[PDB]
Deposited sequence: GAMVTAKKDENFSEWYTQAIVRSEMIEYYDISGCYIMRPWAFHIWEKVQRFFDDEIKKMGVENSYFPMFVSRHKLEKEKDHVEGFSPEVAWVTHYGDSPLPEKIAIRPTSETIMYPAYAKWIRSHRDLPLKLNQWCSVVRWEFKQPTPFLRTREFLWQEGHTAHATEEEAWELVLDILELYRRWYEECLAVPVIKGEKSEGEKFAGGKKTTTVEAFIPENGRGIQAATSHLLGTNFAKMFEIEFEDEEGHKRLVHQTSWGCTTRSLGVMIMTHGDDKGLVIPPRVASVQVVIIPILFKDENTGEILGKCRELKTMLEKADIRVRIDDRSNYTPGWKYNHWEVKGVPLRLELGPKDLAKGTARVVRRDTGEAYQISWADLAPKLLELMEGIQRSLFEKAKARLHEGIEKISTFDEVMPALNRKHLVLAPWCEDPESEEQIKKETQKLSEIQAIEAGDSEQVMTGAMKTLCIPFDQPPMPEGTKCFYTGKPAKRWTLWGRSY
């Protein structure tokens, strides 16, 4: 069970939560962890939703090799294979950190005419970024699972609308499945993906350590990579034009984020929409009191709730006390826990405890399926809405730079008018980092320029340079 406290020592709390809930297991190679079934259930669920939604868009899944030649890569932190067994490769090959240098030549080969567009591929794989720093399970790891999508189109308007559609699917992944609120915005030109035209992004906020984290990203690559890799088509009139590319990505970091958003001092709290066990049925057995009837009814209740597509498990393992089972499913975060013991056998009801709030209900057996649907909807919405309020309580609207340092001290982000000069963002990072040193990184940086822009009074000056401000920008310490 979890001993540490979320608002007192976040780091050890998080470690305990993930470990005690059986989601991860440590490994002798630093930077890689093991994803036990409990976490992978959740992953499977969001992968299913994203997959169905992108298949609805014509995107098709595929698989490109893990390996890229050195020649075709330096056309850093990439991992190099030099030997098989005991013989060295004639050329070292690297392991993929992202798949552009692998797929894009194939794109060059496959695209000749307008009729071959759009071209929309996704792939669900593992990548390797071997930064020699300190990892954070889910959040920052040397190997991780993601999906990545790459499309090429005949026009930039098409590409751009797909960028937006995909980032909307990413908003739904987080807010709608994992109950984590996020912010849609656009990356600064010092933070955007280089040689993309424009990066869009969903951002999240960890209040317990006042930090920003990127959740997913969708790039408008435009035509830079087409020039690079010579991906041309012939339009209707017979002209050779460059294609307009997008790519987009989202990883298991999402599970990390969800743990921090909903976790509490007893452990995990798993939003029902992604819960593999939404309801655990715990038979209360002691002194051979009514065990045959208790199990009879528990299995009947299971078939009842399964008819309503509630995902139900009866914890009838003989070698565990009920109280151990309670703590087990609590630390694990099963949304709803249903207790049936011999005294309920004559009541015709049963006791239901919701994990998020701990409230208890006495519900009839006939009334179980619909009331449990209802509670799960309410848990899902309320997980989300409490999180969304914490998010917006953590953001401060400022006018001048004087307001920054107090705000970061309250573990908050700042929304400020900005002129969007790239060198000013770096001046800002350095200034704030040094001020932080007068007492994990202390520097503050841009997170995104929110799509949702609040009102911009005329003659608003950039909070740092005093120049005329162009857009509100979200800044904060980061992950």
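Judged by missing C-alpha atoms, the gaps in the deposited chain sequence fall at residues 1-2, 78-86, 451-460, listed in sequence order.
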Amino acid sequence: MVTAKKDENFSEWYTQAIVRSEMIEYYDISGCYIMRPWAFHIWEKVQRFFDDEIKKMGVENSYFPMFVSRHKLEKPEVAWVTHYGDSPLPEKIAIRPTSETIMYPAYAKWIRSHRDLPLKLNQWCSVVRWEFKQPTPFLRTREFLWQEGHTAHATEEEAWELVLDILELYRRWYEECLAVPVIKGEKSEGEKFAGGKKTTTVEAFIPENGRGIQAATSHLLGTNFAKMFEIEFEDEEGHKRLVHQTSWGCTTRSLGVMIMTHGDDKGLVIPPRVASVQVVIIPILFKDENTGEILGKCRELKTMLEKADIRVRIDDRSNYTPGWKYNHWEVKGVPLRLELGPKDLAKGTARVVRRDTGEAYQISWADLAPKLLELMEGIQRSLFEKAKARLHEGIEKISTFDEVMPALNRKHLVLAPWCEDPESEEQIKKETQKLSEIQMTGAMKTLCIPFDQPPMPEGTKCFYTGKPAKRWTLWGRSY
From here on, numbers count along this sequence of modelled residues.
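Basically, rigid core = biggest C-alpha set you can superpose within 1.5 Å across the two forms.
Comparing 26-34 with 44-52 in 9 other deposited structures of this protein, after superposition on the rigid core, the stretch with the greater RMS C-alpha deviation is 26-34.
In 9 other deposited structures of this protein, superposed on the rigid core, the segment with the larger root-mean-square CA displacement between 332-340 and 293-301 is 293-301. Per the compared records, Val414 is resolved in all of the other entries whose models span it, so no third of them omit it. Looking at the other PDB entries for this protein, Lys287 is present in the model in all of those that include the residues around it, rather than absent from a third. Here 297-305 and 208-216 are compared by their mean Cα B-factor, and 297-305 comes out higher. When 111-119 is weighed against 136-144, 111-119 comes out higher, by mean CA B-factor as recorded in the entry.
Of the candidates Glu330, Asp402, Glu156, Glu359, the one whose C-alpha carries the top B factor in the deposited record is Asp402. In this structure the maximum Cα B-factor among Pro37, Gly58, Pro450, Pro422 is found at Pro422.
Per the deposited record, the Cα B-factor of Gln245 falls in the middle third when ranked against the other modelled residues of its chain. For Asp265, the recorded CA temperature factor ranks within the highest third of the chain's modelled residues. In the PDB entry, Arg410 places in the middle third of its chain by CA B-factor. Per the PDB record, residue ranking by Cα B-factor puts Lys434 in the highest third of the chain. Placement of the Cα temperature factor of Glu168 within the chain: lowest third of the modelled residues, per the deposited record.
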